[PDB]
Amino acid sequence: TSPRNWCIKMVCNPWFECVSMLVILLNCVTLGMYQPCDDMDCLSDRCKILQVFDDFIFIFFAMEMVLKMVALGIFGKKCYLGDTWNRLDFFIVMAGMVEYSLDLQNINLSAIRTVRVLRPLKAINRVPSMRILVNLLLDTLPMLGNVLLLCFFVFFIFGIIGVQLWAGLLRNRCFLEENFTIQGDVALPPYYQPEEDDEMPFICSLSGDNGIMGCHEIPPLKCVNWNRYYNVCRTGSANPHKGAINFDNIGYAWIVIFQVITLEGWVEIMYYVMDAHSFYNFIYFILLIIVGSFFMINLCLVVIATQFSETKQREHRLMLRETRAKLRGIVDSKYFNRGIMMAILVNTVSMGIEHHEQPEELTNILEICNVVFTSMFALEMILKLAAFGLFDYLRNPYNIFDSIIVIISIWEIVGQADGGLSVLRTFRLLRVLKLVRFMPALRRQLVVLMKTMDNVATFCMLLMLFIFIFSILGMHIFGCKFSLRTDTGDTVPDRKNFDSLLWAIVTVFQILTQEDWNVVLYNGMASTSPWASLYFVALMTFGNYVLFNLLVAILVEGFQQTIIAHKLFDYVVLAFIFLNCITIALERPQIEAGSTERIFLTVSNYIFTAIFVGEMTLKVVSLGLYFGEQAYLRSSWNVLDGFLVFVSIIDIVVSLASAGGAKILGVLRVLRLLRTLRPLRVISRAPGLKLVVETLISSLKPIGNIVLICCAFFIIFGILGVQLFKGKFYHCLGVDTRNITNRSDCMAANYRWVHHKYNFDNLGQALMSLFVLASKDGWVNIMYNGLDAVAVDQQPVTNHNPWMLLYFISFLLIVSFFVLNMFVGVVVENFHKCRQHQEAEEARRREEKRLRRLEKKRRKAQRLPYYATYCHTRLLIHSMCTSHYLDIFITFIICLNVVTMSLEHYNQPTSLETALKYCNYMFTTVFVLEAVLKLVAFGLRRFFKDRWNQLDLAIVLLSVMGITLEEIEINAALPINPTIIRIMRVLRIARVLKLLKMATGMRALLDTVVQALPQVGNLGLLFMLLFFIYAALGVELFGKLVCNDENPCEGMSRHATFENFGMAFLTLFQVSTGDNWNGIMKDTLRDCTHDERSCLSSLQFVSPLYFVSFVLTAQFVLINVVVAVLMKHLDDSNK
Ligand SMILES: CC(C)CCC[C@@H](C)[C@H]1CC[C@H]2[C@@H]3CC=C4C[C@@H](OC(=O)CCC(=O)O)CC[C@]4(C)[C@H]3CC[C@]12C
Ligand SMILES: CC(C)CCC[C@@H](C)[C@H]1CC[C@H]2[C@@H]3CC=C4C[C@@H](OC(=O)CCC(=O)O)CC[C@]4(C)[C@H]3CC[C@]12C
Ligand SMILES: CC(C)CCC[C@@H](C)[C@H]1CC[C@H]2[C@@H]3CC=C4C[C@@H](OC(=O)CCC(=O)O)CC[C@]4(C)[C@H]3CC[C@]12C
Ligand SMILES: *[C@@H]1O[C@H](CO)[C@@H](O)[C@H](O)[C@H]1NC(C)=O
Ligand SMILES: *[C@@H]1O[C@H](CO)[C@@H](O)[C@H](O)[C@H]1NC(C)=O
Ligand SMILES: [Ca+2]
Ligand SMILES: [Ca+2]
């Protein structure tokens, strides 16, 4: 109409969307300027100007809203409320109007002002690529409810189990005696805490609750041992982490289960529970890890990738002067090119050598060699411009980059006054990048990565929008509420605060990477309210388990003589190797010299070596050592077996050479390390594992180029870190660590000059610190050291140079991009091979599948025995009482059961106890009723043929078993062990399993997982083998590492030390989960008090290599498990 026609031209004008983006970004800038610490009631200048700015922003938002209503209509498809984001704009408009009205009404109510944080989200609609991507995500969300139902199942089951086991157990601190007598000056706290303010609480074990740490393990204070008076412990206090880690409610149990889904703070709460209730809760926590933290979030990855696959496909289916020429000859010689490669490579090596406290001669050699390299590069400059001409030299921009490098180097040499030595020397690293001009594979790989980034960029903007929104939300709700209290005369703010958008964004990025996100979880749950954990739950879930899986999907679909008998010899030698494994898992560094088991271990080594040399001889006489083709050493596995048996022989020889063992103890160490390497022939002696290892290697070449590029970036950033941080990672750890600046001040105080184990002095230490950074573990402390670092021998000061956040976070982003590229390369590599196999066997498989549709035709009507029950008083039972009208009742009763179990907590009302008793009676009675109903509906044939009525009968049998024991405590018929009652209650949870019948999506998805168990099981066996090998190897390397007060541990707390074997298997699992693995490797590399050779040994060479290699192999194995699940899911999508 005419009124509509007046404004449609302006509304449809792209100038309107341009000014919409302008004001959206201006609104983002206005939201970013909030200073929660300083903007107190907005009694400041910038507060007032920002209020005016936001006022104008809301005025324009209201104006554009009314313009679009009066130009497009309301409440219709063509109308304004047609697109989703228009409704969102209306939502912010309404919320802002409400906030403005309450501002007029003089009602502060700082909770609707916390809707401003949603205003940046409007930028999604006013960007085409962003709008398409977000619409695709919103369309793939409704198909994610299945894995969200899996999430609910394996959160609720573990929440019920946790609340039923450890309801309030975490609270029992160790108190003084009940009637305590003190002469005077009562300084004893009511209970015992090792650290101040219950930072590391002392959760005991109750009398009857067979924990481990039971108040007789108290640290003897070292006068009078005041600690021994903490005798009895009772369940009344605040519970650990300022009341944040407990199992009282089911919300708190869900918080803890989430904390172990993200694999952060796993061990701390694990040992909290072990202290509280029982040592055997490791089954609970390890099962939760394996099920949730790996089989859930990676099923989330699989589901998002798949759903985005056919959601891309669905939308896609809707559409569907004479010397100049002579001087060139020297250039294109293919050997001069290699000579300049060698020059550049040795220049890189020269830049890598520099370290802290250089010898005076060494830096001179470095600068002279720099001059030589700059002279050679300038010679190439002048040569190529002459022999080619100006245009030809400038035709290729690689030569332009070379000229830039030469100019910068020359200026650096010339600029010997100031400034040049600070930046241009740091710019020397550009010469490393000249290799791209030469390596042919790293051109194609880099171009492919840029082709990917052609799709990543919009998703990067989406991620930045998301992180900005949540950083603003954090500033709003956590501003000035994270203030750590006074310890030196002032309440210094926590480093992971939310007081400024710089710190807000760094903290939100840190939370997304899952490093010390539990600390901010606790300090935001103990400051505002326990409901503040929803902030972190939403942040982590949308970021990691939705958005990052979305990016993975984006990339994946962007790409897409003597007699010989060999009947059971392999199987029997596999059994022998397993027995060898059993005796390898025993060589703990705790056996007394000459003990009974020591002799057994020696003789077992001898007999196993005899068996292996026997099979060696059998194989070689069957084949021949190297005597022609088809010999013993013509396969990789046979060569490995030969190497292992030869190592065992030479180790036995050296052991028999024990007489005069000096100077060969290192040789014994090396032979023992290879002895740990020994249990690896199971791969050779098994077909499935051998095939899987072959496939794992075949899936490593396609990502080999990306691995080389990422190692090159590690070297580049290592040299950069060496430049930036040389002697700056030294601090005076002492009583004060205050009012002191340089090391001379510390030596005046005589505290200590502590040298961090993670620092950038050498390039090897820089590379180890960079690997710790790039594993998104322990990287926050490294970053804090970087920002704090000041100079060679003075105290780092807090946030001295925040600009180094760029280094420490750009490294994380580049390594993350390369890791996602390795993951997608592995996925697409498996895709090709599995696709071929599919074609072939599935063509034959779709022949028999039409044969199976003919089988259903056959199925037909075999006079189904409904008549036998019809008119037999079951005329209603078989049909009218087995229909979906009767099973909705079962599902409703199950949901009521779920919400009843979700009500148990600590100190619950006894009235509520009896209410749950009656509800449980109701549920059990109706379950028995429906079991009888189906039993009379049909006879014993389908009773076991259904295979699900079996499940219902098992559930009702367990239920009636549980309820009967309750009556025993009413009539006091017999004293029943409370453990049996606990088992019955904790296994009442099995009534959830009946939801699996109607959740046909659960059946489909879990099945799709199930027919991946060939590959998943084989990789799991390989992964257990990796744990075995690396655990034995760690037992011998780090076994003698004593954990005590004299050696204050950081990562190996109580049962994670490498002392025994199993205590090393636990810590290898903990490293595999990436929880405080860097801490553990900090414990391993540690100069001791000369009490053992291990600290003073070559552990610096092998411990970082140990941990790095284990982390890499574990991650690769788990990635290939995920990939196998993904390809089986896509093959199921084919069928
Ligand atoms: C739906 C969830 C999973 C994602 C959406 C995130 C936010 C919309 C929610 C999740 C966490 C909630 C916060 C949890 C904690 C806080 C502090 C909490 O503490 C207070 O009572 C402060 C009272 C005051 O400041 O006067 C009040 C609710 C609030 C603001 C909540 C506001 C709304 C939040 C940020
Ligand atoms: C399947 C096999 C090839 C690998 C897995 C074997 C482990 C499950 C078993 C085999 C030997 C067992 C170890 C045998 C010896 C020890 C030392 C033992 O501690 C002590 O002897 C000191 C305390 C004391 O002496 O009473 C604790 C059990 C432990 C770690 C056992 C942990 C579990 C182990 C490693
Ligand atoms: C390639 C990325 C994925 C990981 C790189 C792993 C290794 C190549 C790095 C990590 C740990 C580094 C080692 C860490 C410790 C040292 C410091 C330095 O040893 C010293 O302290 C010298 C003084 C002395 O102890 O005598 C020699 C380099 C070295 C072996 C480093 C050599 C290079 C290592 C093995
Ligand atoms: C440190 O220096 C300050 C200077 O202001 C002084 O007041 C203080 O007594 C010194 N010592 C300690 C332990 O703080
Ligand atoms: C180190 O700090 C002290 C503080 O008393 C100062 O006097 C001195 O100049 C500083 N620098 C040195 C010792 O090189
Ligand atoms: Ca982690
Ligand atoms: Ca951590």
# chains A, B, ... in the order shown; residues from 1 in each chain; ligands from 1
call {"tool": "residues_near_ligand", "arguments": {"ligand": "ligand 6", "cutoff": "9 Å", "atoms": "only C-alpha atoms and all ligand atoms", "output": "list in words"}}
result
residues 262, 263, 264, 265, 513, 514, 515, 516, 775, 776, 777, 778, 1073, 1074, 1075 and 1076 of chain A
call {"tool": "residues_near_ligand", "arguments": {"ligand": "ligand 2", "cutoff": "7 Å", "atoms": "only C-alpha atoms and all ligand atoms", "output": "list in words"}}
result
residues 578, 579, 581, 582, 585, 586, 1028, 1060, 1061, 1062 and 1063 of chain A
call {"tool": "closest_residue", "arguments": {"among": "A:682, A:459, A:70, A:357", "to": "residue 132 in chain A", "atoms": "only C-alpha atoms"}}
result
A:459
call {"tool": "closest_atom_pairs", "arguments": {"of": "chain A", "to": "ligand 5", "cutoff": "7 Å", "atoms": "only C-alpha atoms and all ligand atoms", "output": "Markdown table"}}
result
| residue | atom | partner | partner_atom_place_in_ligand_line | distance |
| --- | --- | --- | --- | --- |
| A:740 | CA | ligand 5 | 4 (C) | 6.9 |
| A:741 | CA | ligand 5 | 2 (O) | 5.7 |
| A:742 | CA | ligand 5 | 1 (C) | 4.9 |
| A:744 | CA | ligand 5 | 13 (C) | 5.7 |
| A:745 | CA | ligand 5 | 2 (O) | 5.7 |
call {"tool": "write_last_selection", "arguments": {"atoms": "C-alpha atoms", "output": "PDB file, in the first residue's frame"}}
result
ATOM      1  CA  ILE A 740      62.103  -6.717  45.969  1.00  0.00           C
ATOM      2  CA  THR A 741      63.046  -6.082  42.349  1.00  0.00           C
ATOM      3  CA  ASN A 742      66.285  -7.808  41.297  1.00  0.00           C
ATOM      4  CA  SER A 744      70.361  -8.996  44.587  1.00  0.00           C
ATOM      5  CA  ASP A 745      67.271  -8.075  46.613  1.00  0.00           C
TER       6      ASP A 745
END
call {"tool": "select_by_dssp", "arguments": {"residues": "range 539-644 of chain A", "states": "alpha helix (DSSP H)", "output": "VMD selection string"}}
result
chain A and resid 539 to 540 549 to 559 569 to 584 596 to 623 636 to 644
call {"tool": "decode", "arguments": {"residues": "range 37-87 of chain A", "atoms": "N, CA and C atoms", "output": "tab-separated table (two decimals), in the first residue's frame"}}
result
chain	number	residue	atom	x	y	z
A	37	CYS	N	34.80	-2.71	37.83
A	37	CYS	CA	35.47	-2.25	39.04
A	37	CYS	C	35.29	-0.75	39.23
A	38	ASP	N	35.34	0.02	38.14
A	38	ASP	CA	35.35	1.47	38.23
A	38	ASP	C	34.00	2.12	37.94
A	39	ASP	N	33.17	1.50	37.10
A	39	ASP	CA	31.86	2.07	36.76
A	39	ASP	C	30.86	1.73	37.86
A	40	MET	N	31.03	2.41	39.00
A	40	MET	CA	30.15	2.23	40.15
A	40	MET	C	29.02	3.24	40.05
A	41	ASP	N	27.83	2.76	39.71
A	41	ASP	CA	26.62	3.56	39.51
A	41	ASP	C	26.79	4.60	38.41
A	42	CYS	N	27.88	4.53	37.64
A	42	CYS	CA	28.10	5.38	36.47
A	42	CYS	C	28.21	6.86	36.85
A	43	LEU	N	28.96	7.13	37.92
A	43	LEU	CA	29.29	8.50	38.31
A	43	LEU	C	30.66	8.90	37.75
A	44	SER	N	30.77	8.87	36.43
A	44	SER	CA	32.00	9.23	35.75
A	44	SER	C	31.68	9.78	34.37
A	45	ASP	N	32.68	10.41	33.76
A	45	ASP	CA	32.49	11.00	32.44
A	45	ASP	C	32.16	9.93	31.40
A	46	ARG	N	33.11	9.02	31.16
A	46	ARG	CA	32.92	8.00	30.13
A	46	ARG	C	31.66	7.20	30.38
A	47	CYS	N	31.27	7.01	31.64
A	47	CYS	CA	29.99	6.38	31.91
A	47	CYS	C	28.85	7.17	31.28
A	48	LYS	N	28.87	8.49	31.42
A	48	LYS	CA	27.79	9.32	30.88
A	48	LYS	C	27.80	9.33	29.35
A	49	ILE	N	28.97	9.50	28.74
A	49	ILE	CA	29.02	9.47	27.27
A	49	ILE	C	28.59	8.11	26.74
A	50	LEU	N	28.96	7.03	27.42
A	50	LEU	CA	28.54	5.70	26.97
A	50	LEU	C	27.04	5.50	27.16
A	51	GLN	N	26.46	6.06	28.22
A	51	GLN	CA	25.00	6.04	28.35
A	51	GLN	C	24.34	6.76	27.19
A	52	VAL	N	24.88	7.92	26.81
A	52	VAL	CA	24.31	8.65	25.67
A	52	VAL	C	24.44	7.83	24.39
A	53	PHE	N	25.59	7.19	24.20
A	53	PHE	CA	25.80	6.37	23.01
A	53	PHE	C	24.79	5.23	22.95
A	54	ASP	N	24.63	4.50	24.05
A	54	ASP	CA	23.67	3.40	24.08
A	54	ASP	C	22.24	3.90	23.92
A	55	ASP	N	21.94	5.10	24.43
A	55	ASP	CA	20.63	5.69	24.21
A	55	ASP	C	20.38	5.89	22.72
A	56	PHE	N	21.35	6.47	22.02
A	56	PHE	CA	21.20	6.66	20.58
A	56	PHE	C	21.07	5.33	19.86
A	57	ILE	N	21.83	4.32	20.30
A	57	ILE	CA	21.76	3.00	19.67
A	57	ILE	C	20.36	2.43	19.80
A	58	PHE	N	19.78	2.51	21.00
A	58	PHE	CA	18.44	1.97	21.20
A	58	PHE	C	17.39	2.79	20.46
A	59	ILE	N	17.58	4.11	20.39
A	59	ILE	CA	16.67	4.94	19.60
A	59	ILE	C	16.65	4.47	18.16
A	60	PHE	N	17.84	4.22	17.59
A	60	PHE	CA	17.87	3.83	16.19
A	60	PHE	C	17.30	2.42	16.04
A	61	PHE	N	17.56	1.53	17.01
A	61	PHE	CA	16.98	0.19	16.94
A	61	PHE	C	15.46	0.25	16.94
A	62	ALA	N	14.88	1.07	17.81
A	62	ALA	CA	13.43	1.23	17.82
A	62	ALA	C	12.93	1.82	16.50
A	63	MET	N	13.64	2.81	15.97
A	63	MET	CA	13.23	3.43	14.71
A	63	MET	C	13.25	2.42	13.57
A	64	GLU	N	14.32	1.63	13.47
A	64	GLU	CA	14.40	0.65	12.39
A	64	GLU	C	13.37	-0.45	12.58
A	65	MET	N	13.08	-0.82	13.83
A	65	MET	CA	12.02	-1.80	14.07
A	65	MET	C	10.69	-1.29	13.55
A	66	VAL	N	10.29	-0.08	13.96
A	66	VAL	CA	8.99	0.44	13.53
A	66	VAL	C	8.98	0.65	12.02
A	67	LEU	N	10.11	1.04	11.44
A	67	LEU	CA	10.19	1.18	9.99
A	67	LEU	C	9.94	-0.15	9.29
A	68	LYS	N	10.52	-1.23	9.81
A	68	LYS	CA	10.32	-2.52	9.18
A	68	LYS	C	8.93	-3.09	9.43
A	69	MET	N	8.29	-2.77	10.56
A	69	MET	CA	6.88	-3.15	10.67
A	69	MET	C	6.01	-2.37	9.69
A	70	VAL	N	6.27	-1.07	9.51
A	70	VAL	CA	5.40	-0.25	8.67
A	70	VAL	C	5.81	-0.38	7.21
A	71	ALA	N	6.73	-1.29	6.91
A	71	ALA	CA	7.14	-1.53	5.53
A	71	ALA	C	7.09	-2.99	5.10
A	72	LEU	N	6.79	-3.92	6.01
A	72	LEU	CA	6.74	-5.33	5.63
A	72	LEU	C	5.57	-6.10	6.23
A	73	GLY	N	4.74	-5.49	7.07
A	73	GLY	CA	3.68	-6.21	7.74
A	73	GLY	C	4.17	-6.96	8.96
A	74	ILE	N	3.21	-7.46	9.74
A	74	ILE	CA	3.50	-8.10	11.02
A	74	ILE	C	2.75	-9.43	11.09
A	75	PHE	N	3.40	-10.43	11.68
A	75	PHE	CA	2.77	-11.70	12.04
A	75	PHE	C	2.34	-12.48	10.79
A	76	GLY	N	3.30	-12.71	9.91
A	76	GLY	CA	3.06	-13.49	8.70
A	76	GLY	C	4.37	-13.86	8.04
A	77	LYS	N	4.27	-14.79	7.09
A	77	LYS	CA	5.47	-15.29	6.41
A	77	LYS	C	6.18	-14.18	5.66
A	78	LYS	N	5.46	-13.45	4.82
A	78	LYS	CA	6.03	-12.28	4.16
A	78	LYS	C	6.24	-11.13	5.13
A	79	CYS	N	5.57	-11.16	6.28
A	79	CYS	CA	5.60	-10.06	7.22
A	79	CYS	C	6.96	-9.96	7.90
A	80	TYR	N	7.07	-9.01	8.84
A	80	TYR	CA	8.33	-8.77	9.52
A	80	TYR	C	8.79	-9.99	10.30
A	81	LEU	N	7.86	-10.66	10.98
A	81	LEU	CA	8.22	-11.85	11.75
A	81	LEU	C	8.24	-13.08	10.86
A	82	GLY	N	8.94	-13.00	9.74
A	82	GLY	CA	9.13	-14.15	8.87
A	82	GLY	C	10.45	-14.84	9.14
A	83	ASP	N	11.52	-14.06	9.15
A	83	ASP	CA	12.84	-14.59	9.44
A	83	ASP	C	13.07	-14.63	10.95
A	84	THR	N	13.82	-15.65	11.39
A	84	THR	CA	14.04	-15.85	12.82
A	84	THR	C	14.69	-14.63	13.46
A	85	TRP	N	15.73	-14.09	12.83
A	85	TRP	CA	16.49	-13.01	13.44
A	85	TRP	C	15.69	-11.72	13.56
A	86	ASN	N	14.65	-11.54	12.75
A	86	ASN	CA	13.76	-10.40	12.96
A	86	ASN	C	13.04	-10.53	14.30
A	87	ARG	N	12.61	-11.75	14.65
A	87	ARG	CA	12.05	-11.98	15.97
A	87	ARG	C	13.07	-11.67	17.05
